[PDB]
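Structure file start_8.tsv; described as TSV, C-alpha atoms.
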```tsv
chain	number	residue	atom	x	y	z
O	31	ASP	CA	-9.56	2.30	-5.62
O	32	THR	CA	-12.07	-0.53	-5.85
O	33	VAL	CA	-11.27	-4.16	-6.55
O	34	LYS	CA	-14.25	-6.44	-7.33
O	35	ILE	CA	-13.70	-10.14	-6.69
O	36	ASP	CA	-16.03	-12.97	-7.52
O	37	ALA	CA	-14.98	-16.33	-6.25
O	38	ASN	CA	-17.61	-18.05	-8.50
O	39	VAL	CA	-15.88	-17.05	-11.74
O	40	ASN	CA	-12.89	-19.28	-12.50
O	41	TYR	CA	-10.04	-19.18	-14.96
O	42	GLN	CA	-7.11	-21.60	-15.13
O	43	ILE	CA	-5.99	-24.19	-12.66
O	44	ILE	CA	-2.49	-23.58	-11.29
O	45	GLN	CA	-0.07	-26.47	-11.57
O	46	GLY	CA	2.75	-24.52	-9.93
O	47	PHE	CA	6.02	-22.68	-10.15
O	48	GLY	CA	9.36	-24.11	-11.07
O	49	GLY	CA	12.98	-23.72	-12.13
O	50	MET	CA	15.73	-25.42	-14.08
O	51	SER	CA	18.10	-28.01	-12.74
O	52	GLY	CA	21.35	-27.19	-14.61
O	53	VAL	CA	23.71	-30.04	-13.68
O	54	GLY	CA	25.80	-30.94	-16.71
O	55	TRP	CA	26.04	-27.30	-17.82
O	56	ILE	CA	26.54	-25.71	-14.40
O	57	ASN	CA	27.27	-27.11	-10.95
O	58	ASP	CA	24.55	-29.21	-9.39
O	59	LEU	CA	22.26	-28.04	-6.63
O	60	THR	CA	22.96	-29.27	-3.13
O	61	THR	CA	20.37	-31.01	-1.02
O	62	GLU	CA	20.07	-27.97	1.22
O	63	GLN	CA	19.47	-25.74	-1.83
O	64	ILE	CA	16.73	-28.02	-3.13
O	65	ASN	CA	15.02	-28.10	0.28
O	66	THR	CA	15.09	-24.29	0.36
O	67	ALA	CA	13.64	-24.02	-3.14
O	68	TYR	CA	11.05	-26.86	-3.00
O	69	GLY	CA	9.86	-26.48	0.61
O	70	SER	CA	6.93	-24.15	1.17
O	71	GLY	CA	7.55	-22.90	4.69
O	72	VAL	CA	9.07	-19.71	6.06
O	73	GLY	CA	12.29	-18.89	4.26
O	74	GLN	CA	11.55	-21.26	1.37
O	75	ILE	CA	10.40	-20.56	-2.16
O	76	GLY	CA	7.57	-23.05	-2.75
O	77	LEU	CA	8.55	-24.40	-6.15
O	78	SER	CA	6.84	-27.59	-7.22
O	79	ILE	CA	8.13	-28.13	-10.76
O	80	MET	CA	11.69	-29.01	-11.75
O	81	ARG	CA	12.82	-28.93	-15.39
O	82	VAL	CA	15.73	-31.18	-16.51
O	83	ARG	CA	17.66	-31.40	-19.77
O	84	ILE	CA	17.81	-34.64	-21.76
O	85	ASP	CA	21.44	-35.01	-22.89
O	86	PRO	CA	21.65	-36.67	-26.35
O	87	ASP	CA	24.43	-38.83	-24.80
O	88	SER	CA	22.68	-41.28	-22.51
O	89	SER	CA	25.92	-42.15	-20.69
O	90	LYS	CA	25.44	-38.78	-18.96
O	91	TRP	CA	21.84	-39.23	-17.75
O	92	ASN	CA	22.90	-40.48	-14.36
O	93	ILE	CA	24.10	-37.03	-13.19
O	94	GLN	CA	20.48	-35.83	-13.27
O	95	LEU	CA	19.24	-38.24	-10.64
O	96	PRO	CA	20.26	-36.82	-7.24
O	97	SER	CA	18.46	-33.48	-7.79
O	98	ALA	CA	15.50	-34.99	-9.59
O	99	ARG	CA	15.02	-37.58	-6.85
O	100	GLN	CA	15.18	-34.95	-4.12
O	101	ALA	CA	12.63	-32.79	-5.89
O	102	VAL	CA	10.23	-35.69	-6.32
O	103	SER	CA	10.71	-36.57	-2.68
O	104	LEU	CA	9.55	-33.04	-1.84
O	105	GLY	CA	6.42	-33.40	-3.96
O	106	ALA	CA	7.60	-31.78	-7.21
O	107	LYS	CA	6.69	-32.71	-10.73
O	108	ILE	CA	9.52	-33.22	-13.21
O	109	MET	CA	9.40	-32.03	-16.81
O	110	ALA	CA	12.12	-32.91	-19.30
O	111	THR	CA	13.32	-30.96	-22.33
O	112	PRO	CA	15.70	-32.10	-25.04
O	113	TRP	CA	17.83	-29.35	-26.69
O	114	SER	CA	18.98	-31.65	-29.51
O	115	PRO	CA	18.62	-35.16	-30.76
O	116	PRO	CA	21.93	-37.01	-31.15
O	117	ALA	CA	23.94	-35.51	-34.01
O	118	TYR	CA	23.70	-38.65	-36.13
O	119	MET	CA	19.88	-38.30	-36.30
O	120	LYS	CA	20.03	-34.83	-37.81
O	121	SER	CA	20.48	-33.40	-41.26
O	122	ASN	CA	23.75	-31.53	-40.32
O	123	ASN	CA	25.31	-34.39	-38.27
O	124	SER	CA	26.01	-31.89	-35.49
O	125	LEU	CA	24.51	-30.98	-32.13
O	126	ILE	CA	24.73	-27.27	-32.73
O	127	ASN	CA	23.51	-24.45	-35.04
O	128	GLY	CA	20.20	-26.13	-35.60
O	129	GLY	CA	19.80	-28.93	-38.10
O	130	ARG	CA	16.58	-30.86	-38.73
O	131	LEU	CA	15.55	-34.20	-37.25
O	132	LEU	CA	15.45	-36.44	-40.33
O	133	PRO	CA	11.96	-37.88	-40.84
O	134	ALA	CA	13.40	-41.36	-41.21
O	135	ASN	CA	14.55	-41.02	-37.58
O	136	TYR	CA	11.25	-39.99	-36.01
O	137	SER	CA	10.69	-43.44	-34.41
O	138	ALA	CA	14.31	-43.65	-33.25
O	139	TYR	CA	14.05	-40.24	-31.64
O	140	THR	CA	10.90	-41.28	-29.86
O	141	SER	CA	12.73	-44.34	-28.53
O	142	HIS	CA	15.51	-42.06	-27.22
O	143	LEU	CA	12.97	-39.88	-25.35
O	144	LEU	CA	11.16	-42.90	-23.93
O	145	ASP	CA	14.42	-44.44	-22.83
O	146	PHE	CA	15.07	-41.31	-20.81
O	147	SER	CA	11.61	-41.55	-19.24
O	148	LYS	CA	12.11	-45.21	-18.32
O	149	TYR	CA	15.58	-44.54	-16.87
O	150	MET	CA	14.21	-41.77	-14.67
O	151	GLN	CA	11.25	-43.84	-13.59
O	152	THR	CA	13.24	-46.98	-12.78
O	153	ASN	CA	15.51	-44.85	-10.64
O	154	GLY	CA	12.67	-43.31	-8.68
O	155	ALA	CA	12.37	-39.89	-10.40
O	156	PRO	CA	9.42	-40.38	-12.75
O	157	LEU	CA	8.55	-37.71	-15.22
O	158	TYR	CA	5.26	-35.84	-15.31
O	159	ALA	CA	5.76	-34.24	-18.73
O	160	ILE	CA	8.15	-34.40	-21.65
O	161	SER	CA	8.82	-31.88	-24.39
O	162	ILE	CA	9.64	-32.79	-27.98
O	163	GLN	CA	12.08	-29.90	-28.55
O	164	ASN	CA	13.57	-26.80	-26.95
O	165	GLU	CA	13.21	-23.57	-28.97
O	166	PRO	CA	12.70	-25.01	-32.48
O	167	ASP	CA	12.88	-21.42	-33.79
O	168	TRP	CA	16.41	-20.77	-32.42
O	169	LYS	CA	19.70	-22.12	-33.85
O	170	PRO	CA	22.55	-21.05	-31.54
O	171	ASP	CA	26.08	-22.40	-31.25
O	172	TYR	CA	25.03	-24.93	-28.64
O	173	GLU	CA	22.59	-27.91	-28.57
O	174	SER	CA	19.67	-27.02	-30.79
O	175	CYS	CA	17.39	-28.49	-33.45
O	176	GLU	CA	15.12	-26.75	-35.93
O	177	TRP	CA	11.49	-27.69	-36.60
O	178	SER	CA	8.45	-26.22	-38.26
O	179	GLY	CA	4.97	-26.59	-36.89
O	180	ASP	CA	4.09	-28.89	-39.79
O	181	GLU	CA	7.00	-31.13	-38.78
O	182	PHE	CA	5.66	-31.26	-35.22
O	183	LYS	CA	2.29	-32.15	-36.69
O	184	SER	CA	3.70	-34.98	-38.78
O	185	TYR	CA	5.78	-36.24	-35.87
O	186	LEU	CA	2.86	-36.28	-33.47
O	187	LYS	CA	0.46	-37.97	-35.85
O	188	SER	CA	2.89	-40.87	-36.23
O	189	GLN	CA	4.57	-41.02	-32.75
O	190	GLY	CA	2.22	-39.33	-30.34
O	191	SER	CA	0.34	-42.37	-29.16
O	192	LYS	CA	3.60	-43.96	-27.92
O	193	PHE	CA	3.98	-41.47	-25.06
O	194	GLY	CA	1.09	-43.04	-23.17
O	195	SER	CA	0.28	-41.20	-19.95
O	196	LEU	CA	3.31	-38.93	-20.16
O	197	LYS	CA	2.10	-35.37	-20.76
O	198	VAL	CA	3.55	-34.12	-24.03
O	199	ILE	CA	4.66	-30.51	-24.39
O	200	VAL	CA	5.07	-28.59	-27.69
O	201	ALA	CA	6.70	-26.42	-29.00
O	202	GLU	CA	8.78	-24.41	-26.44
O	203	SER	CA	9.13	-21.54	-28.90
O	204	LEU	CA	11.71	-18.94	-27.95
O	205	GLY	CA	9.05	-16.31	-27.93
O	206	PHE	CA	5.86	-18.30	-27.53
O	207	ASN	CA	5.10	-17.77	-31.25
O	208	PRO	CA	1.75	-19.39	-32.18
O	209	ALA	CA	3.11	-20.18	-35.66
O	210	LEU	CA	4.93	-23.19	-34.22
O	211	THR	CA	1.89	-24.70	-32.54
O	212	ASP	CA	-1.16	-23.57	-34.58
O	213	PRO	CA	-0.63	-26.31	-37.21
O	214	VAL	CA	-0.74	-28.91	-34.38
O	215	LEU	CA	-3.82	-27.50	-32.70
O	216	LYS	CA	-5.77	-27.22	-35.96
O	217	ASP	CA	-5.27	-30.93	-36.67
O	218	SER	CA	-7.25	-33.10	-34.31
O	219	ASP	CA	-5.11	-36.17	-35.08
O	220	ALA	CA	-2.00	-34.37	-33.87
O	221	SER	CA	-3.68	-32.31	-31.15
O	222	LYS	CA	-5.11	-35.32	-29.31
O	223	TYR	CA	-1.61	-36.37	-28.18
O	224	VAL	CA	-0.59	-32.96	-26.78
O	225	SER	CA	-1.40	-32.10	-23.16
O	226	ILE	CA	0.52	-28.85	-22.69
O	227	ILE	CA	1.33	-25.95	-24.93
O	228	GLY	CA	4.65	-24.65	-23.65
O	229	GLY	CA	6.59	-21.56	-24.57
O	230	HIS	CA	9.37	-19.19	-23.51
O	231	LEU	CA	9.20	-15.40	-23.16
O	232	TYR	CA	12.41	-14.25	-24.80
O	233	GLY	CA	11.83	-10.97	-26.58
O	234	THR	CA	8.15	-10.94	-25.71
O	235	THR	CA	5.53	-10.44	-23.03
O	236	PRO	CA	2.88	-12.86	-21.80
O	237	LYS	CA	-0.24	-13.00	-23.88
O	238	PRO	CA	-3.41	-15.17	-23.99
O	239	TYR	CA	-3.54	-18.02	-26.55
O	240	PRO	CA	-7.22	-18.62	-27.23
O	241	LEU	CA	-6.77	-21.48	-29.70
O	242	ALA	CA	-4.69	-23.46	-27.16
O	243	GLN	CA	-7.22	-22.75	-24.38
O	244	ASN	CA	-10.29	-23.63	-26.41
O	245	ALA	CA	-8.59	-26.93	-27.39
O	246	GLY	CA	-8.40	-27.64	-23.67
O	247	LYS	CA	-4.62	-27.61	-23.40
O	248	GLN	CA	-2.84	-26.08	-20.42
O	249	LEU	CA	-0.45	-23.27	-21.14
O	250	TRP	CA	2.96	-23.48	-19.43
O	251	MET	CA	5.72	-20.89	-19.54
O	252	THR	CA	8.64	-23.32	-19.40
O	253	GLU	CA	11.66	-21.00	-19.42
O	254	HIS	CA	12.55	-17.40	-18.81
O	255	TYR	CA	14.70	-15.09	-16.78
O	256	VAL	CA	14.94	-11.28	-16.51
O	257	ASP	CA	18.09	-9.17	-17.11
O	258	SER	CA	20.91	-11.51	-16.23
O	259	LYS	CA	23.52	-8.76	-15.92
O	260	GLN	CA	21.83	-7.66	-12.67
O	261	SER	CA	22.38	-9.08	-9.21
O	262	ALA	CA	19.29	-11.04	-8.12
O	263	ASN	CA	19.23	-8.73	-5.07
O	264	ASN	CA	18.87	-5.50	-7.08
O	265	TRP	CA	15.28	-4.52	-6.16
O	266	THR	CA	14.74	-2.27	-9.25
O	267	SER	CA	15.20	-5.30	-11.37
O	268	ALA	CA	13.63	-7.93	-9.13
O	269	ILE	CA	10.25	-6.21	-9.03
O	270	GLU	CA	10.10	-6.83	-12.79
O	271	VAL	CA	9.82	-10.54	-11.92
O	272	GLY	CA	6.59	-9.67	-10.12
O	273	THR	CA	5.26	-7.78	-13.17
O	274	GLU	CA	5.99	-10.76	-15.42
O	275	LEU	CA	4.44	-13.29	-12.99
O	276	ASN	CA	1.29	-11.18	-12.81
O	277	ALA	CA	1.10	-10.94	-16.63
O	278	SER	CA	1.67	-14.66	-16.97
O	279	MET	CA	-1.19	-15.42	-14.61
O	280	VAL	CA	-3.54	-12.98	-16.36
O	281	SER	CA	-2.58	-14.73	-19.64
O	282	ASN	CA	-4.08	-17.93	-18.20
O	283	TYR	CA	-0.78	-19.76	-17.78
O	284	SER	CA	-1.01	-22.76	-15.45
O	285	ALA	CA	2.73	-22.96	-14.79
O	286	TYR	CA	5.74	-20.65	-14.75
O	287	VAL	CA	9.26	-22.15	-14.82
O	288	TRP	CA	12.35	-19.99	-14.27
O	289	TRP	CA	15.75	-20.79	-15.69
O	290	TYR	CA	18.63	-21.86	-13.40
O	291	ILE	CA	17.41	-21.95	-9.79
O	292	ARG	CA	20.82	-21.06	-8.35
O	293	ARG	CA	22.68	-18.31	-10.26
O	294	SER	CA	23.94	-14.79	-9.68
O	295	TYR	CA	20.69	-13.54	-11.28
O	296	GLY	CA	18.65	-16.49	-9.99
O	297	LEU	CA	16.19	-17.48	-7.26
O	298	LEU	CA	19.04	-18.53	-4.99
O	299	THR	CA	22.38	-16.71	-5.22
O	300	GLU	CA	25.68	-18.61	-5.38
O	301	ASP	CA	25.95	-18.54	-1.58
O	302	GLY	CA	22.75	-20.69	-1.58
O	303	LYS	CA	20.63	-17.91	-0.01
O	304	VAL	CA	17.21	-16.83	-1.31
O	305	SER	CA	17.41	-13.70	-3.44
O	306	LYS	CA	15.00	-10.84	-3.88
O	307	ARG	CA	13.90	-12.51	-7.13
O	308	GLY	CA	13.31	-15.71	-5.14
O	309	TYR	CA	11.28	-13.91	-2.51
O	310	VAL	CA	9.13	-12.37	-5.29
O	311	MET	CA	8.57	-15.80	-6.73
O	312	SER	CA	7.64	-17.08	-3.25
O	313	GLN	CA	4.90	-14.40	-2.90
O	314	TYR	CA	3.19	-16.49	-5.55
O	315	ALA	CA	4.55	-20.01	-5.03
O	316	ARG	CA	4.26	-20.28	-1.22
O	317	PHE	CA	0.63	-19.10	-1.23
O	318	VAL	CA	-0.89	-20.10	-4.60
O	319	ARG	CA	-0.51	-23.86	-4.28
O	320	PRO	CA	-0.97	-26.59	-6.87
O	321	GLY	CA	-4.63	-27.04	-7.66
O	322	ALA	CA	-5.60	-23.46	-7.06
O	323	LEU	CA	-8.08	-21.81	-9.35
O	324	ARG	CA	-7.53	-18.23	-10.51
O	325	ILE	CA	-10.72	-16.20	-9.96
O	326	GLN	CA	-12.22	-12.92	-11.19
O	327	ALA	CA	-10.61	-9.83	-9.73
O	328	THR	CA	-10.13	-6.31	-11.00
O	329	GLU	CA	-6.67	-6.61	-12.54
O	330	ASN	CA	-5.60	-2.94	-12.75
O	331	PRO	CA	-7.66	-1.04	-10.21
O	332	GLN	CA	-5.45	2.00	-10.35
O	333	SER	CA	-2.28	3.23	-12.14
O	334	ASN	CA	0.74	0.93	-11.56
O	335	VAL	CA	-1.20	-1.61	-9.43
O	336	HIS	CA	-1.75	-5.07	-10.94
O	337	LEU	CA	-3.25	-8.02	-9.17
O	338	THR	CA	-4.66	-11.52	-9.44
O	339	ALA	CA	-6.70	-13.64	-7.00
O	340	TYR	CA	-7.00	-17.35	-6.37
O	341	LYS	CA	-8.90	-19.93	-4.42
O	342	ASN	CA	-6.75	-22.79	-3.06
O	343	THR	CA	-8.06	-26.34	-2.70
O	344	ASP	CA	-8.15	-25.87	1.06
O	345	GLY	CA	-10.56	-23.01	0.74
O	346	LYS	CA	-8.08	-20.17	1.26
O	347	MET	CA	-8.44	-17.05	-0.86
O	348	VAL	CA	-5.21	-15.44	-1.97
O	349	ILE	CA	-4.59	-12.07	-3.60
O	350	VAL	CA	-1.21	-11.19	-5.08
O	351	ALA	CA	-0.62	-7.53	-5.99
O	352	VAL	CA	2.23	-5.72	-7.63
O	353	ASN	CA	2.66	-2.03	-6.80
O	354	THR	CA	5.16	-0.20	-8.94
O	355	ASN	CA	4.28	3.18	-7.50
O	356	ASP	CA	6.73	4.74	-5.11
O	357	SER	CA	3.85	5.41	-2.76
O	358	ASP	CA	1.43	3.66	-0.49
O	359	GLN	CA	-1.67	2.43	-2.31
O	360	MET	CA	-5.08	1.68	-0.88
O	361	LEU	CA	-7.36	-1.02	-2.22
O	362	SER	CA	-11.08	-1.24	-1.50
O	363	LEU	CA	-11.93	-4.92	-1.81
O	364	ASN	CA	-15.43	-5.96	-2.70
O	365	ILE	CA	-15.77	-9.70	-2.54
O	366	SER	CA	-18.64	-11.83	-3.84
O	367	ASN	CA	-19.54	-15.48	-3.37
O	368	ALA	CA	-16.94	-16.17	-0.66
O	369	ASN	CA	-16.73	-16.94	3.08
O	370	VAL	CA	-13.75	-14.82	4.16
O	371	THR	CA	-13.49	-12.87	7.38
O	372	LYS	CA	-9.89	-11.62	7.42
O	373	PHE	CA	-6.75	-11.32	5.37
O	374	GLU	CA	-3.13	-11.61	6.55
O	375	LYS	CA	-0.60	-9.41	4.67
O	376	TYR	CA	2.88	-10.46	3.58
O	377	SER	CA	5.15	-8.23	1.59
O	378	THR	CA	8.42	-8.21	-0.32
O	379	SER	CA	9.99	-4.86	-1.05
O	380	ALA	CA	13.44	-3.32	-1.05
O	381	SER	CA	13.55	-3.80	2.70
O	382	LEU	CA	11.17	-6.72	3.48
O	383	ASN	CA	11.32	-10.36	2.59
O	384	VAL	CA	7.83	-11.93	2.79
O	385	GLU	CA	7.20	-10.04	6.03
O	386	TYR	CA	3.99	-10.05	7.92
O	387	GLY	CA	2.27	-6.71	7.79
O	388	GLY	CA	-0.87	-7.20	9.89
O	389	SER	CA	-4.47	-8.36	9.37
O	390	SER	CA	-7.53	-6.77	7.78
O	391	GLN	CA	-11.13	-7.47	8.64
O	392	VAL	CA	-13.68	-8.17	5.92
O	393	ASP	CA	-17.17	-7.01	6.93
O	394	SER	CA	-20.22	-9.20	6.47
O	395	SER	CA	-20.98	-7.58	3.07
O	396	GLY	CA	-17.58	-8.71	1.80
O	397	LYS	CA	-15.76	-5.36	2.13
O	398	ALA	CA	-12.22	-4.71	3.35
O	399	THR	CA	-9.53	-2.04	2.97
O	400	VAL	CA	-5.97	-3.09	2.46
O	401	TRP	CA	-2.77	-1.14	1.80
O	402	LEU	CA	0.21	-1.82	-0.46
O	403	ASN	CA	3.62	-0.55	0.56
O	404	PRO	CA	5.65	1.33	-2.07
O	405	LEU	CA	7.41	-0.68	-4.78
O	406	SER	CA	6.30	-4.01	-3.40
O	407	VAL	CA	4.85	-7.44	-4.13
O	408	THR	CA	2.20	-8.21	-1.60
O	409	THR	CA	0.15	-11.31	-0.85
O	410	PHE	CA	-3.07	-11.41	1.13
O	411	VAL	CA	-4.13	-14.79	2.45
O	412	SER	CA	-7.53	-15.42	4.10
O	413	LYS	CA	-7.53	-16.87	7.62
```

As structure tokens - that is how I would like this structure written.
Amino acid sequence: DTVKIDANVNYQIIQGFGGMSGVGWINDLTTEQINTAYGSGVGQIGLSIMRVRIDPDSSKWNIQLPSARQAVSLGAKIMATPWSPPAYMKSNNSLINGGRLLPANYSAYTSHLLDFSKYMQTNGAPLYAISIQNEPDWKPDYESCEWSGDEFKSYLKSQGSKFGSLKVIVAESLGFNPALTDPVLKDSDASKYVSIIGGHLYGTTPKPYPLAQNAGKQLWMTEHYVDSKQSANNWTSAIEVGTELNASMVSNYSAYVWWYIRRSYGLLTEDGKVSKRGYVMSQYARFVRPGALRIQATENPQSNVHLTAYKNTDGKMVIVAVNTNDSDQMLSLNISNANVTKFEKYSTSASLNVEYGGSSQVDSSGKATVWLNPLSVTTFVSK
């Protein structure tokens, strides 16, 4: 059915796609694995964001440097998340099962975070962004710390100015619950120090956040994974990554950051090879590059077809479509306000990994017909 595209109507800017560096909790990435994930060529995923954990013990920070340095060398931006302040700053004197950061320690905690930023920077892996807390609404039996949105608000009013040009992220809610961040965004004295509203998708689905958008903050999805009991090469499950990426983009997110890059259910499997989930991610990350603008395009032209469209800074139009029908699907593109004469097709499916599927001509009235293979994630790139 018909898809109407207007390259003169813009939504969010895309900062990129990322994953978690897990060294300290799991084995480090190798240099080869980072090059595969952070390169953007054939066979590579195209990530450009790496997330790192801030250990409350600063004697352990050094183990983060090899992977963070390699990523920066390859053009990536680093964001850092703390799971807990040091135990001795919290109300329960423990790293685990929550506990509150004592207000008397707000300046000390800021100094801890800034120390981490200076260490990284001095060692040649400068941070782009820093989060105040991981999942303040979750109190598991590992590093965690509980906060309310009013506590974030008080914290930021007193400490926020100290972060300088570092981009501050709040609140990394488990389920992207606005309750944690609305108090911050409704207070201009707190809001002025926040650059990014970040959240996770556990137990939820992507949704727009109008208050964050109207406040001019970017929205980043800073951690998720799908059904970890599945092999990353199970196609039935991997296509769900495509669904979630599409929903995230339609929800005006500027960044999407997976959990552990290398894992049995990850973007790379434990043999260091790209997985089906990684190829799905690459249908977005290799082609929708940092700086791209999402543009108007019929999102659900027909049953079980979802798509988004982008203009890259180099002038290329890109269309990324998810087809969860077990049948070939035709799209009738109608493009306005663009200078496109052909699209190249690249698909991931049960049997293809980002494989070229031929070219389609766009007539001089901006019309083209393209086809989606069954149960596939397909990217069209203008030439």

Neighbour list for segment 114-120 of chain O as a VMD selection string, cut-off 12 Å, all atoms listed in the file, skip fewer than 3 positions in-chain: chain O and resid 83 to 88 111 123 to 143 161 to 166 168 to 177

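Here atom CA of residue 269 of chain O is placed at a distance of 13.6 Å from atom CA of residue 337 of chain O.
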
Atom CA of residue 373 of chain O to atom CA of residue 332 of chain O: how many Å, to one decimal?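 According to the coordinates, atom CA of residue 373 of chain O and atom CA of residue 332 of chain O are separated by 20.6 Å.
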
Taking all atoms of segment 55-60 of chain O that appear in the file, build a box with edges along x, y and z, extend it by 8 Å on every side, and state its centre and edge lengths in Å to one decimal, as lines of an AutoDock Vina configuration file.
```
center_x = 24.8
center_y = -27.5
center_z = -10.5
size_x = 21.0
size_y = 19.6
size_z = 30.7
```

Please determine, counting only C-alpha atoms, which residue among O:51, O:235, O:243, O:252 has the shortest atom-to-atom distance to residue 286 of chain O.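 Using only C-alpha atoms, residue 286 of chain O sits closest to O:252.
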
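Taking atom CA of residue 68 of chain O as the reference point, atom CA of residue 200 of chain O is found at 25.5 Å.
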
Residue nearest residue 288 of chain O - candidates O:82, O:368, O:72, O:53, atoms counted: all atoms listed in the file: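 Smallest separation from residue 288 of chain O among the options: O:82.
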
With distances taken over only C-alpha atoms, which residue among O:225, O:178, O:260, O:364 lies nearest residue 203 of chain O?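 Nearest to residue 203 of chain O: O:178.
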